[PDB]
Structure formats: structure tokens, C-alpha cells
């Protein structure tokens, strides 16, 4: 089937909840993706930061192939031999007492909201169902009825029935607004992204995370750091939060936790918070299955062994310096950390972010516009300087061809 047959078939048998860049991939390895016509491409999206270790990384693939012959799912009704191994590894790696395994990113978020609320009632002493959770405008943590309830983006909540009560929204990168919001003794937690990904890679001012930690601690409020897209070497550290050396009360992980081979997410925190949930009070069918645990352990090792954090840090700096050379009347802004970057295209009476991506595609590079005029540049953390240089050249020639 041609790319056109592929596009047409999905349009007929699948929901129209997406409008993808017209490219039909069928194979991918490392930083490259090949479509059905054999055309090769640089991947500058990494599946929203899920394939940080590059597509089909051999070590993770081996772990999957190995475990599938033994066991894949027993459910948590019975114990399996792998889960506890994974748990000990990840908790010690991130330095938290326990981990609660889930599958998708939203589930990690929902679980965090449930931990905060339960903790608020059983430990903080908030009266039943009066607990609040504060969010920062621009946030994105999923597509569930609750996740869209804290959203400020009309496209995610508009027309989606009544919303979840108890969610307060304050401006992002604003300590005064946080302190003001934390005056209410019924607030159990504050959930924030160290860098807002889907918003368009909006980076907060230095000192912000440190202030959030201080403010939360001062008001006996839980600091929930959503590291589902910024964590795992993407920004240049194990956790974006590490840049300010802060320790959140709850950390959320997902996406790259499996290298893109299996839906695996996790929420980490100490006993005083984790143990508020008793047996039978929360779960998931596939959450914590043997197969997902093997790929997770493998995916974490790849990040550590191949020192992808420092590679991400160095190259990100090169990438940004090069992007900043583009003409201001084209690229109005360049921002990011590590390999999580974005540029703001000055949308005009001619071009826009979509068109740049269409031509970028035509020149061998894949990317996607976040909010109409923003273009994210996030290649797998296994990319090499020379390869980065070649792609930078593709970005330059495309940008300067309009």
C-alpha cells in the first residue's frame, strides 16, 4: 500500500481525533525512520519523548523477546518474580521509598491525585472531600475527564461535560500566585511540569522550582513533579528538577521508561504518602506486569550506561546556539534544555509552522508544530554531533527557503 492508501484507510476505519503530518513510517532504528517508499528521515519528535533511547534499541528489544517466552501477565492478584526486582531498582535509582506501577502517563497522574487527596484526608486532616490540588496554566497530563478539568486549553475540555471539582489553576512560573493559592488550608498538593512540553516547551525562570519546593514545604502541601516528558535524561539530567537540586514529594515517570516498546509509567514517593492507600483501594490490570518490568529495567540501564544525560546536555547547547543564528523575522524565539527544545515561527500571510514541517519532511526531517506556530525539536538522545549537524543544516535550508 502507498502512503496515500495508508492515509485513506485510517480515515475510513479510525476516529478522526488526530491530524498527523502526512508520512507513513514502517521501520525505525536509532534516530532514523523509513516510510513505505523507502525514504529515510531524522526523527525530531521521538514520539513525544517516548523513544529517548532511539527506536528499537537492541538491549530493550532483547529484554522483551526474552521475557515473552516465560511470562507476560499474571495480574497483581498473584505475585510474579520480576516486579519486585524492578521496584527495588527504580526506587533506589531515584531515591524514594516505594513505587506504584501503572501503564500510561495519565494513569500516573490520576494515581498522584488520588495519593494527594487520600494523604490530605488521612494524614493532613482535611475534611472529607474538601481537598484541593493546584495546577499551573498551560499544563498537560493526559486526556481523562480529570486531566482535561485542570486544562486551560479549550481543545481538550470544550464540550466534554461537567468538570472535576477541587482543581485550582494558577499562572505558571509565578511564585507569588502559588503562595497566594497555598493560603487555603484545604490544598493537599501542587502538580507542575518542570518544563511545559505540550504547551510549547515553556521553561520557567531559574529559582522557580526551588521556590515551589520551599512554598510547598512551608504550607504542608505535597509537591508533585510531572516528569513524564522531561525526565529520563531528556533535559540533560535524570530529572529536570535536578537542575535546581529539589526533591519533589511525588515524581511521575512514563514515556521513555520503556524506550517506546511498552506502556509503562510510575509514581514514586516515601512511605508516609504511599501507604495511605490500603490493599484493594487502587489498581490496574496490566500495571506491573512481568513483561513491562523487564523492558523498563532495560530502558533505564541504556540511559545510565550510555550516559545519555550528558550527551543530551552538550548537544542541546549546540542545537540552541545554531538555531539562534536564524533570522529574527522568521524565528522569533528559541528555547529548551537538553534535547527538549522548540522555536517560535513568526506566522505570516504566507507561512506557518505546519508548512515549515511539511518542507522539513520533504528535506529528510520529521517534526510537529505544538500550538500553531511553535515547532519542537526533540531527537533521540542517542544522536551524535555530526548527525545533529546534518539535521541542523536541513533545518537551516528549509527555514531559509521560505
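Numbering follows the first chain given and starts at 1. Heads up, when I say rigid core I mean the largest set of C-alphas that superpose within 1.5 Å between the two forms.
S.K.: Which of these two stretches, 342-350 or 65-73, has the larger RMS Cα offset in 9 other deposited structures of this protein when the rigid core is kept aligned?
M.R.: Stretch with the larger root mean square C-alpha distance in 9 other deposited structures of this protein: 342-350.
S.K.: Using the B-factors recorded in the PDB entry, average over the C-alpha atoms of 317-325 and of 196-204, then report which stretch comes out higher.
M.R.: According to the entry, 317-325 carries the higher average C-alpha B-factor.
S.K.: Decide which of the stretches 97-105 and 72-80 has the higher mean C-alpha B-factor, going by the entry.
M.R.: Comparing averages over the C-alpha atoms only gives 72-80.
S.K.: Please pick out which of 174, 310, 153, 110 has the largest Cα B-factor as recorded in the entry.
M.R.: When the deposited C-alpha B-factors of 174, 310, 153, 110 are compared, 310 is largest.
S.K.: Between 270, 179, 305, 281, which carries the biggest CA temperature factor in the record?
M.R.: If I rank 270, 179, 305, 281 by C-alpha B-factor, first place goes to 305.
S.K.: Comparing against every modelled residue in the chain, figure out the third that the C-alpha B-factor of residue 389 lands in (lowest, middle or highest).
M.R.: As the PDB entry reports it, the C-alpha B-factor of residue 389 lands in the highest third of its chain.
S.K.: Taking the values exactly as deposited, rank residue 285 by C-alpha B-factor within its chain and report the matching third: lowest, middle or highest.
M.R.: Ranked within chain, residue 285 CA B lands in the lowest tercile.
S.K.: Would the CA B-factor of residue 293 place it in the lowest, middle or highest third of its chain?
M.R.: Residue 293: CA B-factor falls in the middle third of its chain.
S.K.: For residue 332, does the deposited CA B-factor place it in the lowest, middle or highest third of the chain?
M.R.: Highest third of the chain for residue 332's C-alpha B-factor.
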